[PDB]
Amino acid sequence: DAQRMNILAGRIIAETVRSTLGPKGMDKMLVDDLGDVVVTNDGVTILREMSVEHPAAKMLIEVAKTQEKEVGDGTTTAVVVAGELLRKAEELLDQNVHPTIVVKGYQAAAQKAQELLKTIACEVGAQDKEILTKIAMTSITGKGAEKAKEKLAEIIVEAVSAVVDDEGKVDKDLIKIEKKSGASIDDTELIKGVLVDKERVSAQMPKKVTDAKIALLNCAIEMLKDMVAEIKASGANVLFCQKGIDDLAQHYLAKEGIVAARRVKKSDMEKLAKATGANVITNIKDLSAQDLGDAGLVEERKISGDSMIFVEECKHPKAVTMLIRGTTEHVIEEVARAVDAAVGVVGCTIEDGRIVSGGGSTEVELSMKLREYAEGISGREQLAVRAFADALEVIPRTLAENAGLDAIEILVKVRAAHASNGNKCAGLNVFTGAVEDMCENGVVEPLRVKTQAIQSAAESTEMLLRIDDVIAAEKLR
Amino acid sequence: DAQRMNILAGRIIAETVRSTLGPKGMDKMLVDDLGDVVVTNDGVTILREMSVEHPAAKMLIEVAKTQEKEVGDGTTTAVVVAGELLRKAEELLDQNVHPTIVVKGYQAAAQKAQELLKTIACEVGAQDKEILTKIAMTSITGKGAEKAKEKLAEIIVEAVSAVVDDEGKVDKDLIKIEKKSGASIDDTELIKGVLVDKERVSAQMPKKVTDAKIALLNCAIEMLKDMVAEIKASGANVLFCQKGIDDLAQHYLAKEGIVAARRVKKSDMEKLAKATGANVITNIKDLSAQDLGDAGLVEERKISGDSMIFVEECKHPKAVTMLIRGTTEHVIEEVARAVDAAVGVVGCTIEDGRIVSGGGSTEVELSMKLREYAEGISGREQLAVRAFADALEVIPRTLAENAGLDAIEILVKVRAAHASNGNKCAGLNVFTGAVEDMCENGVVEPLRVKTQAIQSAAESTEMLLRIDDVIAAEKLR
Amino acid sequence: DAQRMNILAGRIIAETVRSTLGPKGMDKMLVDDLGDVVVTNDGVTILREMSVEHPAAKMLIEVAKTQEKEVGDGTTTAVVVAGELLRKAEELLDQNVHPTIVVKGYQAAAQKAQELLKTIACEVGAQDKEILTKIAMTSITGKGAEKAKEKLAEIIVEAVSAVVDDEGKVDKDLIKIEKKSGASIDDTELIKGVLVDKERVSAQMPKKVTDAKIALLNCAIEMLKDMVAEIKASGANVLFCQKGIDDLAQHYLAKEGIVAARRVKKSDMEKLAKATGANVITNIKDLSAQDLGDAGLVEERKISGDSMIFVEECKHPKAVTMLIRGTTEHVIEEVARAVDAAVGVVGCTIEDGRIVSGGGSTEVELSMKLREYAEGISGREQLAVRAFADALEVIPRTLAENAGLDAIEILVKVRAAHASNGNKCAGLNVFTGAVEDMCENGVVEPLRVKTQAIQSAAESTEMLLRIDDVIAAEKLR
Amino acid sequence: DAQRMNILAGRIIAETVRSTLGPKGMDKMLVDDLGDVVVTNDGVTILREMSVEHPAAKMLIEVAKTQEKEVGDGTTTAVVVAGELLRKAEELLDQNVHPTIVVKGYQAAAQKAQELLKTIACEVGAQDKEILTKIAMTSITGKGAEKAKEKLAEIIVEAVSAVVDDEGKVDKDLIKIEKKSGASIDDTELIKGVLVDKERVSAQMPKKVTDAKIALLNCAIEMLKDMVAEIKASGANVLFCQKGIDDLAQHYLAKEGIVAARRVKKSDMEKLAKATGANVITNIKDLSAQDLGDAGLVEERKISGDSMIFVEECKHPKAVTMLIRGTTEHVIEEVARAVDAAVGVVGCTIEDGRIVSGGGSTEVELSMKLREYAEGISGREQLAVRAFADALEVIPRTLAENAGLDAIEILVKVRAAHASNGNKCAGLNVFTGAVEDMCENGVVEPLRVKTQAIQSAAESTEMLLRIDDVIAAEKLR
C-alpha cells in the first residue's frame, strides 16, 4: 500500500529522463520559478535540477550521484534500469510474490549479471588510441552532435593519455577545464600547460619571457619606489597582480623588459600557485627568489576573437589544460559536460581494459543469458530472475522509441540475432535503422559503465522493496 | 471490436469445463429447464449439455466433437488449450499486433509442435499388456474413481487386444457396449462373444444348443403349417423372431427341441446379422440353410437380478461384448463413457505405438522447446510463437490448481526439472504433491491425444482470428 | 446535409468488405435470422447476402453486379475504391468545394486513368499458356488456398483455351460447371465433352456405346409395342427419356443392346439439345433418324462416391465441362466461385491481350501519374483530381493492412520505387513482406479488371454527388 | 501531450502577425496597459511589443530577431512558415509519426531547399541600379504606401551604393539615420556627409566655413584668456563644445570669424570623432593641430521647420546620412523602419548577387520541386518532406487571403502555371488579381531573405519537436 507509492515515486523519476537516452534522444525543457528556460538532452543535468522532495525519489537520485562519481557516464542508463526493475517487481507483487523473494531473485540475478559481463567484455590495450577514440565517440554523441566529436574525441584521447601516470591511473584533477566564449565550437584545442585569460597591460611591454620566474602579487600598486626595488631584487621576470597596477608602475615595468598583467582573476592566482608552485604573498617583505614559479615558456598568442597568455613547456607539472571555445554560454556549458563524460569513459577504459559493445547489444545478450539462468531456479525465486532479465530490454526499446522505429519488431530482430550462439554485439544503429555489429560500427563503452550501473540499479530497488511502511516519527536525529 | 466478443465467447466455453481437468478435478452441476440435476467431472458431457447458442461457442464445440471422434479422450485438454490461446492472442491484439501475424505465428508454432511431439514420444510394443493397462489407467482415472480401474483396465485391455485385426487396426463397432443394472460396479466383466437380453419364451423349451444355426425372422407368426415346414426344412436349431410367435407355434417349437425367443429387439437383430452373418428375411420362401449363422455355444445363464441368453465360443466373429454392471442408472452411464474413452486411447496406442508422459510434462517440455524455437524468429511473427509456448502452461497449472497446490511455485519447479537437458517426463503427481517421473508412475497417454488436440486447438483459434466483423445477412442458404 | 448520409451509406458498404481484399484478407461472418453461419473471404458473396435497404447502398451494390457481369473479378476492388472516393470527396465538401466541381474533377481524372492504363498494360499472346496460368493463379489465390491452384489453374486454362472460337471470343456458357461431392478437392478434373449425372437404369444393359446416336424423348412410357417399333426403326442406339421408362420397356431396351436412363434432369435435356444437336420431341411420330445427336463415345465410368455417364470424344460441339470435386458442400460451392472468377480473367486476357501487374503496383503507378496530371489543372477542378489520385492508394494500403504490415511505410517504399522513372510493376508481395517486381512474381491481372473497376467506381460516386436532397414522393411508377 | 501546447503557443505567435504579410496586409491594433494605441502593418513591430511570456513563444520570437539581424526583411515570412510547419507537424503526430522522424524529414528537406534556392536565384550586377531599385520597391511597399517609394527607393539605392567598399560589403553603420519632424514625407533626402542638428549660438558669427578644421571640446567655458589663446594657436576654424560656451567667449568667437555651437549632443561628438577623425580632449593642453578633423564644407542651411548644420563634401569619411522628414512622430518612425529594411535587402543583393522573384512565386516553385524530391524517399521520413513542401504554400495563400481573393483557386492556377517547368517567377500580383511574371512586374527580393528565413523556420521547429515534456526545476542558473 504505502510501499507502492515509493515504487511509484521511483518510476516517476525514471520516466522523467527516459526519453533522453541515446543520440536520437529527446530534449527536456527546464523552467525554474523565475521563468528561466533550459533545454538539454543530458540526463544527469535534469536529475539535479528537479524539485525532488519525495524520499523514495531521493533514494533513487543517489544512484546517479554514485554512478557519476564512480564512472561519469551511464547515469541515465542506471536510472532507467532501476525504474523498469520497479515496474517488473510491481507485477510480481500483483501475483502474490512476497517482496523478500523478489529481492532474493534480484540479488541473485544481479550477481549472475556481474559474472556474465566479465565474460562478454573484450580486452583492449591501454595504448590503442583508435579504440580510445571510439570510446569517446560513443560517450559524447549521446548528447546531440555529429562528427564534431571526431575532432574533440581525439583531443580528449590525447589529453587523457598525457596525464596517465606510471600506474595506469587517471586523476581527473590533472586535466584542468577552462571555459571561454569564442567564435565557434571548433576552436576547442588542447594546450600542454596552463592558461591565463589576460593580455599585457602595456603594448610596449615585451610579449615573451623564457625561463620565467612567476611572481604572484596580491597587493594593489595604484613608498612605491621601495616597492619596485624589493620586487626587482627578488630576481623575477614575470609578475601576476590580482589587483590593479599603477600607471607609472606600468611604465617602469615596460622599460625594464618585464611583462605584467593586472586584474588577474582569483582562479588564475590559484592555478599558478598550485601548478608552478608559488605562494600568495601578503606583505612585500615576504617576496623572495624562492617563492617564484618556474616555466619554460610564457607566450601571449592571439586566437580567433581573443588574445590570451599561454604558459607552455612546463616540465615540472606534467599536466595539461582544455581550452573550451563556443558561441554562447549554454553551448559552452553543454560542451563541458560532454568532456567530463568522455574523460570518465576513457579513464575507465585505461584503468580496466575491458569494454563491451553499446547500442543495447550487451543488454540484450545479458538479458538472454539471464533468462537461461532463470530456467534452472526452483521456488518462487525464479520469477524475479525472469523479470530481472526482461527488465534489461528497457534500454534497447527506449533507443528504438527515440529513434522513431517500432520498438517491438526491432527488439524482435535483435533477439533473433543473439539467439543460438549469435553475434553478442548485434544492436540497433539508430542512424541507419538496421541491426548491425556495434563493434564494427565503433559503438563501444567501458565495462565499468555497465557493471556499476546494473549494480547501482539493483541495490536501490532492493532497498525500496524492503520498505513496507512509512511511520510518522518525532524529532529524531 | 465485434471480433473480440467472439474470442470472449470461446473463453467462456473453455473456463466452463476448465476446472474439470485431471483426477482431482471439480464436479459441475447441470440443471435443465425441468429441474433435473446431473453432477459430473467429464468435460465432453458438459459440452454437449450446455445451452450453447453463440456461433463462436459452437465453432469451439466442434473441436471437442472432432477430438472425441478421432481420439475419444483429451477433449477437455483441447478446449482448455484453445481458450488459453484465445487469451494470449487477445494480449497480442492489445499490443497492436495484426491478427494475421498472430495466425502466422500460431500456424508456424503448431507445425513445430507436431515435429517436436514426434521426437518426445516413446515407442512401445503392440503386445505389451502392461503399458496398455497403464494407458487405460491414466485415461479413466481422470473422471473420479481409484483402483477400481485396475480391474476394469485389464478387462478393457483384454477386450481391445482380442479384436485387433492382422493390420493393427481397431474397429470400435466390433466391441459392443451393453448396459444392465446390477448389484455393484465390480460385477462388470468381459464376454467372448455376443449377448441377447432375452429369455426362452417357454420354459419347456431346451435351454442350450451347441453348433447353433442362428435364424433371423422378421415376420410375425400369430398357412401357418406350411410356415413351420419351410423353417424346419432349412435345417436350423436357433430362431430369433423380431415380432411375436404364436402360442401354438411356441408349443411345436418346444416339442422339436428348438429354442426360440420372441419380442427380440431391433438392435439384437442387427448385431446378430453383423456378427454371426445372417440376413433379415422379408419372405419365408427366402429362408435357406445358408442364411443361418454359426455359433459354438448358445446358453441362457441367469445373473444377479436377471436371466439372459449368452452366445459364447464363436470363433468366426473375432469380436467381444462388454457387460456393464452398476447400482444406479447414472452410475452405469458414467462407466460407459469411461469405456468409450479407454477404448480410444488403447486403440490409438496399438495403431500408432507412440505414447508420451503425462502430468503436463509433455506440455511443459513442448512449451520449453517452443520458446527455444521462438528465439530464432525475426519480425512480429515471433511474439505469437512465444504466446503459443506459454499457452501450453495452462494444462499443468490447471492440474495444480485442481490439486489444491500453488500453481505458481509448482509450475516453477517443473520448469526447473525440464531446464538444460532435464527429465522430459517430470510432472506434478496430484496424489503426493511432489514432482516425479511420470513414466515411473504409470501416467501415460497416446501421442495422438496430444497431436490431435493441439492441432484442433490451433485450427479453431486460427479460424476465429480471421473473423473481424459479423454482418447481418438475409435469407441465405 | 441529407446528401452526406448517402456518402456515409456507401462507405459503410465499402468498409464492410474492405478487409477481405487480397490473399491475406480477413474473413467475415454472415448470420441470417435463422442462425445459419457462413464464413467467407469473397467480397461479392458478402455484398449479395447483406440486408441492404438504404438506396445509396443499393446504388453502390450495382457496381459489384456490373463489375462481376462484365469481368468476374475486381468487384471488391471497385467497391473499396468507390468508398475511398466518397471519403476523399467528403473532405473536399468540407473545404467548400461544390459537388459539380468534384464531379468534373473525378470525371476528368477517370478518363485520364483510362488513357494511362492503356499505356501501362503489357501485351501478351492469346496462345501463351504460361501467362494465362499466372492470370488464373493471381485471380484465384485471392480467396485463400496455396499451390492447389497450380493444378486447378492449368485445368482452367485448358478448359477456356478449348472453347475459344476463331474470333477470340469466350462464351462462358460453353463451359458447363458441374458440382459433385467427392473424396477431396484435388479430384477436380476437366472432361472433353459433356456430362450426365445418371446411371443405367438396368445393369444388364450394355454400358458402352461408340458412334452414339443420341435420342431425346420427352414422353413417359409406363400401343406400347408400336412405340418400340417406331423408335427402333429411327436407327438410334442411345435414348434419354426425361420422364420414366416402363419396367417391361427397360427389359426390351436391355435385350436389344440399347443403353437407356430414366428420370433424366431437365438441364441434361437442354445441354444435349444444345451441344449434340437434338430436338425435344413432343409426339413419337416426329422422331426421325435426323433428330439424333452424334457422339464418338458414351461411357458410364464410376468415380469416388458416385457413378455417372460421361459423353466424351464429341468433335462437333467444341464444348467442355468442369467436374468439381470436394469434401463438403460449402467447400465445393467455394471452389465453383473460384472457377467462375478465373474463367472471367482468363477470358478477358484472351479477348483483350492486355494485362497489368497486381499487388497494388498498377494502382500506385496510376496514382503517381495522376498527381502529375493534376498539377497542370487550373481552377478548383484540380483539387478533385488530387483526391482521385490519392484515393487509389486505398488498394495497396488495404493489402498491407491485411498482410499485417505497417501500411504507412510500405506505401512509402512502393511510391519510392515508382518515383522518377521507376519500376511500374513494383508492389508489395504479401507472402514475403518486401517490395518486389510483381511481374517476376507472377502476379498479374487483365487490363479490363482495372479499367472497368475504376470507371464503375467513378460513375457511381459521380451519381451520388449529384444528389443533394431526398424528397418524400407519393405513388409514382 | 505537454509537448503539443508548445506547438500551440508557436502557432499563436504566427497567426498573430499572419495577416500582416504583403502589401495588401491587414493592420493590427496594439494597446498597452496605459491605453496608448498603435496601428501597424509591420510584423516585427508587433512581435516585440507583444506581452509574450510563454517560453515556446519566446523561442519562436528569436527567429524574427535572428532574421532581422542577419537580413532585415522576411521576419514575417519566417514566422509564418515556422507556424505552418508546426501545424503540418501536428498532423503527422496525429498519424503516429515519431517526432524525430519529422525532424529528420524537416532537416533533410531544409537542406534540399537551400540547394534548390541556389539554382532558382538569378544573378544581378552590383552596379545595376534598376534592379536594386526594384529590390527596394518590393521590400518597402509591403508596409503600405504606393509610388512614394519610387522617390525613396532611388534615394536608398544611391545611399547604399555610395558606402559600398572595394570588397562589395555594406556596413550599415556607415549610413547614419537622422529623423526630424517636417512639412511632408517627400522632403526626405540624402546628404553626402554628416549632419549636426544644431545652429550657430550667435547670429553675428559667420555661417559658412570652407576647408574646416573640426575641433571637439569637452570642457565647459562659462584663465579664460589663456584658454582662447591656446585654441586659436592650434589653427582651427570650427569648434564643437559639448558643454556650454561663455557669452563673452561667444563674442570673441564671433569677432574672429569662427563658427561655434554649444550644447552639442553626445551623439554628435561621437559621429564627428568617428567620421572626420578627431579626439575627445579632456585637457586644453592636449588640443593640437593634428587632433582636428578635415571637411570640405560646413554649412548651416535651414529646412522646412528647422535650421541645422550640414557638413557636406567630406571625401575622407566615404559615408552619408539620411535626412528623414515627415508630418508626425509616428509617421517618421514608420519611415525609419522602411529604410532599415530596404538597406538590408539592397545590401544583401550587392553582397550576394542572387535574387528570386517575390509574390510567393519562389515559394510555389520550391514547393513543387520539393514534392518531386519527396517521391523518392523510402521510410516514414518521406511524410515530413511532403508536409515541408505543402507548408511553403502558406505564403502565397496568405497573400491571396489578404488580397481578398479565393486562396484555393489562386493557389491552384499558380501551381498550374508552375507545373511541368512553368514560369518559375509566376505569382499573384495583388494589385491586379491575375497571375503574372513577377520578374516582369519588378517584384524581386534577395536570395538571402528566403534562405535565411527558411533555415530559421526549420531550425526553430526542429528545436520545438525535440521537446517532449517540460519539467519543474528549482533554482538553476
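Just so it is clear, A, B, C and D label the chains in written order, and each chain counts residues from 1 on its own.
The definition used in the following text is that a contact is a pair of C-beta atoms (placed from the backbone, for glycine too) under 8 Å apart; a residue touches a chain by one contact, two chains touch by 3 or more.
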Out of curiosity, which chains are bumping into both chain C and chain D? none
Based on the averaged CA atom positions, which chain is farthest from chain D? B
Just curious, how far off is chain B from chain A if you go by their C-alpha centres, in Å? 73
Inter-centroid spacing, chain C versus chain B (mean Cα positions, whole Å): 45
So, in whole Å, the Cα centroid of chain B is separated from that of chain D by 95
Residues of chain D that touch two or more other chains sit at 97, 379-380
So that we know how the chains sit together, what is the shape of their touch graph: line, ring, star, complete or other? ring
Touch relationships between chains, expressed as pairs: A-B, A-D, B-C, C-D
Spell out the part of chain B that touches chain C in their complex, as residue ranges. 6, 53, 55, 58, 97-101, 104, 379-380, 463, 466-477
Residue numbers of chain A touching chain B in their complex, please. 95-97, 368, 372, 375-380, 382-383, 408-409, 412-413, 415-416, 419-420
Using the touch rule from the top, collect the residues of chain A that touch chain D in their complex. 16, 19, 24, 26-39, 41, 46, 49-51, 401-405, 433
